[PDB]
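Structure file coords_21.txt; described as compact mmCIF, N, CA and C atoms.
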# COMPACT_ATOMS: atom_id res chain seq x y z
N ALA A 1 -36.96 -14.48 43.13
CA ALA A 1 -35.93 -14.09 44.08
C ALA A 1 -35.97 -12.59 44.34
N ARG A 2 -36.64 -12.21 45.42
CA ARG A 2 -36.76 -10.81 45.79
C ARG A 2 -35.39 -10.23 46.14
N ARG A 3 -34.56 -11.04 46.80
CA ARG A 3 -33.23 -10.60 47.20
C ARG A 3 -32.38 -10.23 45.98
N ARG A 4 -32.44 -11.04 44.94
CA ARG A 4 -31.66 -10.77 43.74
C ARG A 4 -32.13 -9.48 43.08
N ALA A 5 -33.45 -9.28 43.06
CA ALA A 5 -34.02 -8.08 42.47
C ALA A 5 -33.62 -6.85 43.29
N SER A 6 -33.57 -7.01 44.61
CA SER A 6 -33.21 -5.91 45.49
C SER A 6 -31.74 -5.54 45.29
N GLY A 7 -31.39 -4.30 45.62
CA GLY A 7 -30.01 -3.85 45.46
C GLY A 7 -29.82 -2.44 46.00
N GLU A 8 -28.71 -1.81 45.60
CA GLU A 8 -28.40 -0.46 46.05
C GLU A 8 -28.32 -0.41 47.57
N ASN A 9 -27.43 -1.22 48.13
CA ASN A 9 -27.26 -1.28 49.58
C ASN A 9 -26.79 0.07 50.12
N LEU A 10 -27.36 0.47 51.24
CA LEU A 10 -27.00 1.74 51.86
C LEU A 10 -25.53 1.72 52.29
N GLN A 11 -25.10 0.59 52.85
CA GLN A 11 -23.72 0.45 53.31
C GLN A 11 -22.76 0.34 52.12
N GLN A 12 -21.80 1.25 52.07
CA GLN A 12 -20.80 1.25 51.00
C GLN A 12 -19.69 0.26 51.33
N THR A 13 -19.22 -0.47 50.31
CA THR A 13 -18.16 -1.46 50.53
C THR A 13 -17.03 -1.27 49.53
N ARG A 14 -15.84 -1.75 49.91
CA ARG A 14 -14.67 -1.65 49.05
C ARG A 14 -14.36 -0.19 48.72
N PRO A 15 -13.87 0.55 49.68
CA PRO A 15 -13.50 1.98 49.49
C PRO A 15 -12.53 2.15 48.32
N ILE A 16 -11.64 1.18 48.18
CA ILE A 16 -10.66 1.20 47.10
C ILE A 16 -11.39 1.12 45.76
N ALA A 17 -12.38 0.24 45.70
CA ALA A 17 -13.16 0.05 44.48
C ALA A 17 -12.26 -0.33 43.31
N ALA A 18 -12.27 0.49 42.27
CA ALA A 18 -11.45 0.23 41.10
C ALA A 18 -11.07 1.53 40.40
N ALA A 19 -9.94 1.50 39.70
CA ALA A 19 -9.46 2.68 38.99
C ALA A 19 -9.10 2.32 37.55
N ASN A 20 -9.19 3.31 36.66
CA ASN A 20 -8.88 3.08 35.25
C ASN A 20 -7.39 2.77 35.08
N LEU A 21 -7.02 2.22 33.92
CA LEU A 21 -5.63 1.87 33.66
C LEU A 21 -4.82 3.12 33.33
N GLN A 22 -3.63 3.15 33.90
CA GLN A 22 -2.71 4.26 33.69
C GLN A 22 -1.61 3.84 32.71
N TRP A 23 -1.67 4.39 31.49
CA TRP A 23 -0.66 4.06 30.49
C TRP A 23 0.63 4.84 30.75
N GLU A 24 1.75 4.16 30.58
CA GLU A 24 3.07 4.77 30.76
C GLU A 24 3.86 4.62 29.47
N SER A 25 4.94 5.38 29.33
CA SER A 25 5.75 5.30 28.13
C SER A 25 6.73 4.14 28.24
N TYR A 26 7.21 3.69 27.10
CA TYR A 26 8.16 2.60 27.07
C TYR A 26 9.40 2.97 27.85
N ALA A 27 9.85 4.20 27.63
CA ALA A 27 11.03 4.69 28.31
C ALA A 27 10.75 4.87 29.78
N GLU A 28 9.55 5.33 30.08
CA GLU A 28 9.16 5.55 31.45
C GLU A 28 8.96 4.22 32.18
N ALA A 29 8.39 3.24 31.49
CA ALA A 29 8.15 1.93 32.08
C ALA A 29 9.41 1.30 32.60
N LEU A 30 10.43 1.32 31.78
CA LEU A 30 11.69 0.71 32.15
C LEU A 30 12.30 1.45 33.31
N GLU A 31 12.19 2.76 33.30
CA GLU A 31 12.73 3.57 34.35
C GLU A 31 12.16 3.16 35.67
N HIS A 32 10.86 3.00 35.69
CA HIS A 32 10.21 2.63 36.92
C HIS A 32 10.60 1.20 37.31
N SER A 33 10.61 0.30 36.32
CA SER A 33 10.93 -1.11 36.56
C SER A 33 12.35 -1.28 37.06
N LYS A 34 13.26 -0.46 36.57
CA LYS A 34 14.63 -0.54 37.01
C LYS A 34 14.65 -0.31 38.50
N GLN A 35 13.70 0.50 38.95
CA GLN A 35 13.62 0.87 40.35
C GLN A 35 12.66 0.00 41.12
N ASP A 36 11.52 -0.27 40.52
CA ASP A 36 10.48 -1.05 41.18
C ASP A 36 10.53 -2.55 40.85
N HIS A 37 11.22 -2.91 39.76
CA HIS A 37 11.36 -4.32 39.36
C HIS A 37 10.06 -4.94 38.86
N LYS A 38 9.05 -4.13 38.57
CA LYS A 38 7.78 -4.68 38.11
C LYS A 38 7.82 -4.95 36.60
N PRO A 39 7.15 -5.99 36.13
CA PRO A 39 7.14 -6.35 34.68
C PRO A 39 6.37 -5.34 33.82
N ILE A 40 6.75 -5.27 32.54
CA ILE A 40 6.12 -4.34 31.61
C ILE A 40 5.29 -5.10 30.57
N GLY A 41 4.05 -4.67 30.36
CA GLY A 41 3.19 -5.31 29.36
C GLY A 41 3.05 -4.39 28.15
N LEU A 42 3.55 -4.84 26.99
CA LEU A 42 3.42 -4.05 25.78
C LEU A 42 2.20 -4.54 25.02
N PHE A 43 1.26 -3.64 24.81
CA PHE A 43 0.03 -3.98 24.12
C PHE A 43 0.18 -3.66 22.63
N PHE A 44 0.32 -4.69 21.80
CA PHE A 44 0.44 -4.53 20.35
C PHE A 44 -0.93 -4.70 19.71
N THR A 45 -1.39 -3.68 18.99
CA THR A 45 -2.72 -3.78 18.37
C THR A 45 -2.93 -2.89 17.15
N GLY A 46 -4.16 -2.94 16.65
CA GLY A 46 -4.63 -2.12 15.54
C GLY A 46 -5.95 -1.53 15.98
N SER A 47 -5.87 -0.37 16.62
CA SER A 47 -7.02 0.30 17.19
C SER A 47 -8.18 0.53 16.22
N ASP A 48 -7.89 0.82 14.95
CA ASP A 48 -8.95 1.13 14.00
C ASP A 48 -9.31 -0.01 13.03
N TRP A 49 -8.59 -1.13 13.03
CA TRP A 49 -8.92 -2.19 12.06
C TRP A 49 -8.95 -3.60 12.63
N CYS A 50 -8.36 -3.83 13.80
CA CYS A 50 -8.36 -5.16 14.39
C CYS A 50 -9.50 -5.29 15.40
N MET A 51 -10.54 -6.03 15.02
CA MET A 51 -11.71 -6.21 15.87
C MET A 51 -11.39 -7.05 17.10
N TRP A 52 -10.57 -8.08 16.93
CA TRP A 52 -10.21 -8.95 18.04
C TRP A 52 -9.45 -8.13 19.07
N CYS A 53 -8.73 -7.14 18.59
CA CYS A 53 -7.97 -6.28 19.46
C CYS A 53 -8.92 -5.43 20.28
N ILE A 54 -9.96 -4.94 19.63
CA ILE A 54 -10.93 -4.15 20.34
C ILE A 54 -11.51 -5.00 21.45
N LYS A 55 -11.81 -6.25 21.12
CA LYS A 55 -12.38 -7.15 22.09
C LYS A 55 -11.44 -7.35 23.27
N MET A 56 -10.14 -7.54 23.00
CA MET A 56 -9.20 -7.72 24.09
C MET A 56 -9.17 -6.46 24.95
N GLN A 57 -9.16 -5.30 24.30
CA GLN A 57 -9.15 -4.03 25.02
C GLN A 57 -10.41 -3.86 25.83
N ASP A 58 -11.54 -4.05 25.17
CA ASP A 58 -12.83 -3.87 25.82
C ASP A 58 -13.12 -4.92 26.89
N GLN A 59 -12.79 -6.18 26.63
CA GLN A 59 -13.12 -7.22 27.58
C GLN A 59 -12.04 -7.52 28.64
N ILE A 60 -10.75 -7.28 28.35
CA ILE A 60 -9.72 -7.63 29.34
C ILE A 60 -8.95 -6.43 29.87
N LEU A 61 -8.34 -5.63 29.01
CA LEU A 61 -7.56 -4.50 29.50
C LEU A 61 -8.44 -3.51 30.25
N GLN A 62 -9.65 -3.27 29.74
CA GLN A 62 -10.55 -2.32 30.38
C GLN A 62 -11.44 -2.97 31.44
N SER A 63 -11.20 -4.24 31.72
CA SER A 63 -12.00 -4.95 32.73
C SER A 63 -11.53 -4.60 34.14
N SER A 64 -12.44 -4.67 35.11
CA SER A 64 -12.12 -4.31 36.49
C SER A 64 -11.01 -5.17 37.08
N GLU A 65 -11.05 -6.49 36.88
CA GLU A 65 -10.03 -7.35 37.45
C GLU A 65 -8.66 -7.03 36.88
N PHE A 66 -8.61 -6.81 35.57
CA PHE A 66 -7.36 -6.47 34.92
C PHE A 66 -6.82 -5.14 35.43
N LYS A 67 -7.72 -4.17 35.57
CA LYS A 67 -7.35 -2.84 36.04
C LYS A 67 -6.74 -2.90 37.42
N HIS A 68 -7.38 -3.65 38.32
CA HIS A 68 -6.90 -3.75 39.67
C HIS A 68 -5.57 -4.47 39.74
N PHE A 69 -5.47 -5.60 39.04
CA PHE A 69 -4.26 -6.39 39.05
C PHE A 69 -3.09 -5.60 38.48
N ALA A 70 -3.30 -5.00 37.32
CA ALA A 70 -2.24 -4.27 36.64
C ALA A 70 -1.87 -2.97 37.35
N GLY A 71 -2.84 -2.29 37.94
CA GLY A 71 -2.55 -1.04 38.62
C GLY A 71 -1.62 -1.30 39.78
N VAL A 72 -1.80 -2.44 40.43
CA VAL A 72 -1.01 -2.80 41.58
C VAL A 72 0.29 -3.52 41.22
N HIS A 73 0.24 -4.48 40.28
CA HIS A 73 1.42 -5.29 39.98
C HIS A 73 2.12 -5.02 38.64
N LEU A 74 1.59 -4.16 37.75
CA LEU A 74 2.27 -4.01 36.45
C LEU A 74 2.42 -2.60 35.93
N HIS A 75 3.29 -2.48 34.94
CA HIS A 75 3.50 -1.23 34.23
C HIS A 75 3.00 -1.52 32.82
N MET A 76 2.01 -0.77 32.35
CA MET A 76 1.45 -1.03 31.03
C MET A 76 1.89 0.00 30.01
N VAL A 77 2.19 -0.48 28.80
CA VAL A 77 2.60 0.38 27.71
C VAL A 77 1.73 0.09 26.51
N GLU A 78 1.22 1.15 25.89
CA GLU A 78 0.35 0.99 24.74
C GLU A 78 1.15 1.17 23.46
N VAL A 79 1.04 0.19 22.58
CA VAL A 79 1.74 0.24 21.31
C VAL A 79 0.76 -0.08 20.19
N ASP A 80 0.23 0.98 19.58
CA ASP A 80 -0.82 0.82 18.57
C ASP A 80 -0.39 1.05 17.13
N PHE A 81 -1.02 0.32 16.20
CA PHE A 81 -0.73 0.48 14.79
C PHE A 81 -2.04 0.77 14.05
N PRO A 82 -2.54 1.97 14.15
CA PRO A 82 -3.83 2.36 13.51
C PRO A 82 -3.72 2.59 12.01
N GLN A 83 -4.85 2.54 11.34
CA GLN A 83 -4.88 2.79 9.90
C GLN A 83 -4.67 4.28 9.64
N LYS A 84 -5.31 5.10 10.47
CA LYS A 84 -5.16 6.54 10.39
C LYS A 84 -4.16 6.93 11.48
N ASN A 85 -2.94 7.11 11.03
CA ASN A 85 -1.83 7.41 11.93
C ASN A 85 -1.62 8.91 12.17
N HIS A 86 -1.49 9.21 13.46
CA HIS A 86 -1.28 10.59 13.88
C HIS A 86 -0.25 10.68 15.00
N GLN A 87 0.52 9.61 15.20
CA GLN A 87 1.52 9.61 16.26
C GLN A 87 2.81 10.33 15.80
N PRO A 88 3.50 11.04 16.67
CA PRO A 88 4.77 11.74 16.29
C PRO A 88 5.80 10.78 15.70
N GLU A 89 6.63 11.30 14.80
CA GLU A 89 7.64 10.49 14.14
C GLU A 89 8.46 9.69 15.16
N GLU A 90 8.94 10.34 16.21
CA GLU A 90 9.76 9.66 17.21
C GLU A 90 9.02 8.49 17.84
N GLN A 91 7.73 8.67 18.08
CA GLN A 91 6.91 7.61 18.68
C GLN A 91 6.74 6.46 17.70
N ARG A 92 6.55 6.77 16.43
CA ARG A 92 6.36 5.73 15.43
C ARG A 92 7.64 4.92 15.25
N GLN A 93 8.79 5.59 15.24
CA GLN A 93 10.06 4.89 15.08
C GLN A 93 10.28 3.93 16.23
N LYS A 94 10.05 4.41 17.44
CA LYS A 94 10.21 3.59 18.63
C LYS A 94 9.25 2.40 18.59
N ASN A 95 7.99 2.67 18.23
CA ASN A 95 6.97 1.63 18.17
C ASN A 95 7.36 0.54 17.17
N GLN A 96 7.88 0.92 16.01
CA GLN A 96 8.27 -0.07 15.01
C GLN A 96 9.45 -0.88 15.52
N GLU A 97 10.37 -0.21 16.20
CA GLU A 97 11.54 -0.90 16.72
C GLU A 97 11.13 -1.94 17.75
N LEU A 98 10.18 -1.57 18.60
CA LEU A 98 9.69 -2.46 19.65
C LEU A 98 8.95 -3.66 19.05
N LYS A 99 8.17 -3.40 18.01
CA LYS A 99 7.39 -4.45 17.36
C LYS A 99 8.34 -5.49 16.80
N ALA A 100 9.45 -5.03 16.27
CA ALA A 100 10.43 -5.94 15.71
C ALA A 100 11.26 -6.59 16.80
N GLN A 101 11.56 -5.82 17.83
CA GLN A 101 12.39 -6.28 18.92
C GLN A 101 11.83 -7.52 19.59
N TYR A 102 10.54 -7.50 19.89
CA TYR A 102 9.94 -8.64 20.56
C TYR A 102 9.32 -9.61 19.58
N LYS A 103 9.69 -9.45 18.30
CA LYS A 103 9.22 -10.34 17.26
C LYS A 103 7.71 -10.43 17.29
N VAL A 104 7.05 -9.29 17.31
CA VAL A 104 5.60 -9.27 17.35
C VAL A 104 5.05 -9.28 15.93
N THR A 105 4.20 -10.26 15.63
CA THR A 105 3.62 -10.40 14.30
C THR A 105 2.10 -10.31 14.34
N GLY A 106 1.50 -11.09 15.23
CA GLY A 106 0.05 -11.13 15.35
C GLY A 106 -0.46 -10.26 16.49
N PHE A 107 -1.64 -9.71 16.29
CA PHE A 107 -2.29 -8.86 17.28
C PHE A 107 -3.71 -9.39 17.55
N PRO A 108 -4.25 -9.21 18.73
CA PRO A 108 -3.57 -8.53 19.88
C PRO A 108 -2.55 -9.42 20.56
N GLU A 109 -1.44 -8.84 20.99
CA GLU A 109 -0.42 -9.61 21.67
C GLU A 109 0.12 -8.82 22.85
N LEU A 110 0.14 -9.44 24.02
CA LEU A 110 0.64 -8.80 25.23
C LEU A 110 1.89 -9.55 25.67
N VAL A 111 3.00 -8.83 25.76
CA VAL A 111 4.26 -9.44 26.13
C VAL A 111 4.77 -8.88 27.45
N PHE A 112 5.15 -9.77 28.36
CA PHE A 112 5.64 -9.34 29.66
C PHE A 112 7.16 -9.38 29.70
N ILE A 113 7.75 -8.25 30.08
CA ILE A 113 9.20 -8.12 30.17
C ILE A 113 9.60 -7.50 31.49
N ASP A 114 10.84 -7.77 31.89
CA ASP A 114 11.37 -7.19 33.11
C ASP A 114 12.09 -5.91 32.72
N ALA A 115 12.72 -5.28 33.69
CA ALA A 115 13.42 -4.03 33.46
C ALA A 115 14.69 -4.21 32.63
N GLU A 116 15.15 -5.45 32.47
CA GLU A 116 16.34 -5.72 31.68
C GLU A 116 15.92 -6.16 30.28
N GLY A 117 14.61 -6.24 30.06
CA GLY A 117 14.09 -6.61 28.75
C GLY A 117 13.95 -8.11 28.58
N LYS A 118 14.03 -8.87 29.67
CA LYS A 118 13.87 -10.32 29.55
C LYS A 118 12.39 -10.66 29.53
N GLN A 119 12.01 -11.57 28.65
CA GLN A 119 10.62 -11.98 28.52
C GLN A 119 10.22 -12.98 29.60
N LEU A 120 9.17 -12.64 30.35
CA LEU A 120 8.69 -13.53 31.40
C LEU A 120 7.52 -14.37 30.91
N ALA A 121 6.74 -13.81 29.97
CA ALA A 121 5.60 -14.53 29.41
C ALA A 121 4.92 -13.71 28.32
N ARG A 122 4.06 -14.36 27.55
CA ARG A 122 3.34 -13.66 26.48
C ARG A 122 1.98 -14.30 26.27
N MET A 123 0.98 -13.47 25.98
CA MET A 123 -0.35 -13.98 25.72
C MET A 123 -1.06 -13.14 24.67
N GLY A 124 -2.07 -13.74 24.07
CA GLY A 124 -2.86 -13.06 23.05
C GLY A 124 -4.30 -12.98 23.50
N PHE A 125 -5.22 -13.06 22.56
CA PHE A 125 -6.62 -13.03 22.92
C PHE A 125 -7.00 -14.41 23.43
N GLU A 126 -7.67 -14.47 24.58
CA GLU A 126 -8.06 -15.74 25.15
C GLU A 126 -9.43 -15.63 25.83
N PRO A 127 -10.45 -16.33 25.38
CA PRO A 127 -11.79 -16.26 26.02
C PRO A 127 -11.73 -16.58 27.51
N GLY A 128 -12.72 -16.09 28.24
CA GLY A 128 -12.78 -16.33 29.68
C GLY A 128 -12.97 -15.04 30.45
N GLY A 129 -12.62 -13.89 29.88
CA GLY A 129 -12.82 -12.64 30.57
C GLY A 129 -11.58 -12.17 31.34
N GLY A 130 -11.72 -11.02 31.98
CA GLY A 130 -10.60 -10.39 32.69
C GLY A 130 -10.08 -11.19 33.87
N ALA A 131 -10.97 -11.75 34.67
CA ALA A 131 -10.56 -12.51 35.84
C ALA A 131 -9.67 -13.68 35.43
N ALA A 132 -10.12 -14.43 34.45
CA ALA A 132 -9.37 -15.59 34.01
C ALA A 132 -8.01 -15.21 33.41
N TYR A 133 -7.96 -14.10 32.67
CA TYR A 133 -6.72 -13.66 32.03
C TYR A 133 -5.65 -13.32 33.06
N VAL A 134 -6.05 -12.64 34.13
CA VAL A 134 -5.09 -12.26 35.14
C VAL A 134 -4.53 -13.49 35.84
N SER A 135 -5.33 -14.51 36.04
CA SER A 135 -4.82 -15.70 36.70
C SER A 135 -3.67 -16.29 35.89
N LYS A 136 -3.84 -16.29 34.57
CA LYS A 136 -2.84 -16.84 33.65
C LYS A 136 -1.52 -16.07 33.70
N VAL A 137 -1.60 -14.75 33.74
CA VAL A 137 -0.39 -13.94 33.76
C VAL A 137 0.38 -14.17 35.06
N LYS A 138 -0.35 -14.30 36.16
CA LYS A 138 0.27 -14.51 37.46
C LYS A 138 1.13 -15.77 37.46
N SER A 139 0.59 -16.85 36.90
CA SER A 139 1.33 -18.10 36.85
C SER A 139 2.54 -17.97 35.95
N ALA A 140 2.36 -17.25 34.86
CA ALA A 140 3.43 -17.06 33.89
C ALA A 140 4.57 -16.23 34.46
N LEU A 141 4.25 -15.19 35.22
CA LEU A 141 5.29 -14.33 35.77
C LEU A 141 5.77 -14.81 37.14
N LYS A 142 5.18 -15.89 37.66
CA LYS A 142 5.58 -16.43 38.96
C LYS A 142 5.33 -15.41 40.07
N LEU A 143 4.14 -14.83 40.08
CA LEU A 143 3.75 -13.86 41.10
C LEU A 143 2.91 -14.56 42.16
N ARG A 144 3.36 -14.49 43.41
CA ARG A 144 2.62 -15.11 44.51
C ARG A 144 3.11 -14.56 45.84

Produce structure tokens that represent the structure in this file.
Amino acid sequence: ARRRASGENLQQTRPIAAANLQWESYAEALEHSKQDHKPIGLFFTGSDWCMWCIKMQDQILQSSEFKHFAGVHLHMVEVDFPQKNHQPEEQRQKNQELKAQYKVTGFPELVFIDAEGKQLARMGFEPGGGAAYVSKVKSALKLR
């Protein structure tokens, strides 16, 4: 297949392309949601010891489909529990409170909440890649 081997088209497509994920604060997320009404995804993980978490981060959160979907439709908040901790005391207290608040036990776990703190849906690690993961969240949050 010469066509498959060929590439690097002169004509540029999709000017929008894709952008990296923009992390927001828990306090900031709600502020925006109160105004924008968009759901908040809290990412609970172990950056330095949970391999499955790395996989979720590397394969779904950092995936192009996830980036595009979330950049447009969601507010993302990072909540990490590393072995080597260097987060400010205030951040750690808030993070622990949040972990308990949403009854988070297993990681990786992504929980969707509204600006009033109501849970719309929750998901963990699920094979299939970024495209498939976003389809699932859409159905869960009733986005259409």

| task | Tell me which protein, DNA and RNA residues are within 6 Å of residue 110 in chain A, counting only C-alpha atoms, leaving out same-chain ones fewer than 2 positions away, and put them as a ChimeraX atom specification. | result | /A:41-43,122-124

| said: Taking 4 positions as the minimum chain separation for residues in the same chain, which residues sit within 8 Å of range 51-65 of chain A when counting all atoms listed in the file? Answer as a ChimeraX atom specification. | reply: /A:17-21,44-47,69-71,107-109,124-126,128-134

| Do you have the CA of residue 103 in chain A-CA of residue 68 in chain A distance handy? |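 About the pair CA of residue 103 in chain A and CA of residue 68 in chain A: they are 28.4 Å apart.
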
| said: What's the separation between CA of residue 139 in chain A and CA of residue 80 in chain A, in Å to one decimal place? | reply: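 Answer for the CA of residue 139 in chain A to CA of residue 80 in chain A separation: 26.4 Å.
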
| task | Can you pull out every residue within 8 Å of residue 37 in chain A, counting all atoms listed in the file, but drop anything in the same chain fewer than 2 positions away, and send it as an NGL selection string? | result | :A and (30-35 or 39-40 or 73 or 113-116)

| query | When DSSP works through the backbone of this structure, what residues of chain A end up as strand (DSSP E), shown as a PyMOL selection string? | reply | chain A and resi 23-24+40-45+75-80+109-113+119-123

Written selection (N, CA and C atoms) as a PDB file, in the coordinates of the input:
ATOM      1  N   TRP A  23      -1.670   4.390  31.490  1.00  0.00           N
ATOM      2  CA  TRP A  23      -0.660   4.060  30.490  1.00  0.00           C
ATOM      3  C   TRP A  23       0.630   4.840  30.750  1.00  0.00           C
ATOM      4  N   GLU A  24       1.750   4.160  30.580  1.00  0.00           N
ATOM      5  CA  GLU A  24       3.070   4.770  30.760  1.00  0.00           C
ATOM      6  C   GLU A  24       3.860   4.620  29.470  1.00  0.00           C
ATOM      7  N   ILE A  40       6.750  -5.270  32.540  1.00  0.00           N
ATOM      8  CA  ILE A  40       6.120  -4.340  31.610  1.00  0.00           C
ATOM      9  C   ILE A  40       5.290  -5.100  30.570  1.00  0.00           C
ATOM     10  N   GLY A  41       4.050  -4.670  30.360  1.00  0.00           N
ATOM     11  CA  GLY A  41       3.190  -5.310  29.360  1.00  0.00           C
ATOM     12  C   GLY A  41       3.050  -4.390  28.150  1.00  0.00           C
ATOM     13  N   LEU A  42       3.550  -4.840  26.990  1.00  0.00           N
ATOM     14  CA  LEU A  42       3.420  -4.050  25.780  1.00  0.00           C
ATOM     15  C   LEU A  42       2.200  -4.540  25.020  1.00  0.00           C
ATOM     16  N   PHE A  43       1.260  -3.640  24.810  1.00  0.00           N
ATOM     17  CA  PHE A  43       0.030  -3.980  24.120  1.00  0.00           C
ATOM     18  C   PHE A  43       0.180  -3.660  22.630  1.00  0.00           C
ATOM     19  N   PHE A  44       0.320  -4.690  21.800  1.00  0.00           N
ATOM     20  CA  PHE A  44       0.440  -4.530  20.350  1.00  0.00           C
ATOM     21  C   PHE A  44      -0.930  -4.700  19.710  1.00  0.00           C
ATOM     22  N   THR A  45      -1.390  -3.680  18.990  1.00  0.00           N
ATOM     23  CA  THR A  45      -2.720  -3.780  18.370  1.00  0.00           C
ATOM     24  C   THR A  45      -2.930  -2.890  17.150  1.00  0.00           C
ATOM     25  N   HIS A  75       3.290  -2.480  34.940  1.00  0.00           N
ATOM     26  CA  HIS A  75       3.500  -1.230  34.230  1.00  0.00           C
ATOM     27  C   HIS A  75       3.000  -1.520  32.820  1.00  0.00           C
ATOM     28  N   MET A  76       2.010  -0.770  32.350  1.00  0.00           N
ATOM     29  CA  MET A  76       1.450  -1.030  31.030  1.00  0.00           C
ATOM     30  C   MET A  76       1.890   0.000  30.010  1.00  0.00           C
ATOM     31  N   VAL A  77       2.190  -0.480  28.800  1.00  0.00           N
ATOM     32  CA  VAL A  77       2.600   0.380  27.710  1.00  0.00           C
ATOM     33  C   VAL A  77       1.730   0.090  26.510  1.00  0.00           C
ATOM     34  N   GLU A  78       1.220   1.150  25.890  1.00  0.00           N
ATOM     35  CA  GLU A  78       0.350   0.990  24.740  1.00  0.00           C
ATOM     36  C   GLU A  78       1.150   1.170  23.460  1.00  0.00           C
ATOM     37  N   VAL A  79       1.040   0.190  22.580  1.00  0.00           N
ATOM     38  CA  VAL A  79       1.740   0.240  21.310  1.00  0.00           C
ATOM     39  C   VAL A  79       0.760  -0.080  20.190  1.00  0.00           C
ATOM     40  N   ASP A  80       0.230   0.980  19.580  1.00  0.00           N
ATOM     41  CA  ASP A  80      -0.820   0.820  18.570  1.00  0.00           C
ATOM     42  C   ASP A  80      -0.390   1.050  17.130  1.00  0.00           C
ATOM     43  N   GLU A 109      -1.440  -8.840  20.990  1.00  0.00           N
ATOM     44  CA  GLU A 109      -0.420  -9.610  21.670  1.00  0.00           C
ATOM     45  C   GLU A 109       0.120  -8.820  22.850  1.00  0.00           C
ATOM     46  N   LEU A 110       0.140  -9.440  24.020  1.00  0.00           N
ATOM     47  CA  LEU A 110       0.640  -8.800  25.230  1.00  0.00           C
ATOM     48  C   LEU A 110       1.890  -9.550  25.670  1.00  0.00           C
ATOM     49  N   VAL A 111       3.000  -8.830  25.760  1.00  0.00           N
ATOM     50  CA  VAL A 111       4.260  -9.440  26.130  1.00  0.00           C
ATOM     51  C   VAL A 111       4.770  -8.880  27.450  1.00  0.00           C
ATOM     52  N   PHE A 112       5.150  -9.770  28.360  1.00  0.00           N
ATOM     53  CA  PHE A 112       5.640  -9.340  29.660  1.00  0.00           C
ATOM     54  C   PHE A 112       7.160  -9.380  29.700  1.00  0.00           C
ATOM     55  N   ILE A 113       7.750  -8.250  30.080  1.00  0.00           N
ATOM     56  CA  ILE A 113       9.200  -8.120  30.170  1.00  0.00           C
ATOM     57  C   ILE A 113       9.600  -7.500  31.490  1.00  0.00           C
ATOM     58  N   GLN A 119      12.010 -11.570  28.650  1.00  0.00           N
ATOM     59  CA  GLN A 119      10.620 -11.980  28.520  1.00  0.00           C
ATOM     60  C   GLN A 119      10.220 -12.980  29.600  1.00  0.00           C
ATOM     61  N   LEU A 120       9.170 -12.640  30.350  1.00  0.00           N
ATOM     62  CA  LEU A 120       8.690 -13.530  31.400  1.00  0.00           C
ATOM     63  C   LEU A 120       7.520 -14.370  30.910  1.00  0.00           C
ATOM     64  N   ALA A 121       6.740 -13.810  29.970  1.00  0.00           N
ATOM     65  CA  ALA A 121       5.600 -14.530  29.410  1.00  0.00           C
ATOM     66  C   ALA A 121       4.920 -13.710  28.320  1.00  0.00           C
ATOM     67  N   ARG A 122       4.060 -14.360  27.550  1.00  0.00           N
ATOM     68  CA  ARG A 122       3.340 -13.660  26.480  1.00  0.00           C
ATOM     69  C   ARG A 122       1.980 -14.300  26.270  1.00  0.00           C
ATOM     70  N   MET A 123       0.980 -13.470  25.980  1.00  0.00           N
ATOM     71  CA  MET A 123      -0.350 -13.980  25.720  1.00  0.00           C
ATOM     72  C   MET A 123      -1.060 -13.140  24.670  1.00  0.00           C
TER      73      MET A 123
END

| Coordinates-based distance that separates CA of residue 140 in chain A from atom N of residue 99 in chain A (Å, one decimal) |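 Distance reported for this atom pair: 21.5 Å.
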
| Among listed residues A:111, A:121, A:83, A:137, nearest residue 49 in chain A (using all atoms listed in the file) |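 The answer is A:83, which sits nearest to residue 49 in chain A.
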
Centre and edges of the range 6-19 of chain A box, axis-aligned, 4 Å extra per side, as AutoDock Vina command-line options:
--center_x -21.3 --center_y -2.2 --center_z 45.4 --size_x 32.5 --size_y 17.7 --size_z 23.8

| remark: Of A:104, A:1, A:141, A:27, the one sitting nearest residue 120 in chain A when using only N, CA and C atoms is A:141

| message | Here is a test: counting only C-alpha atoms, which residue of A:143, A:29, A:5, A:10 is nearest to residue 117 in chain A? | response | A:29
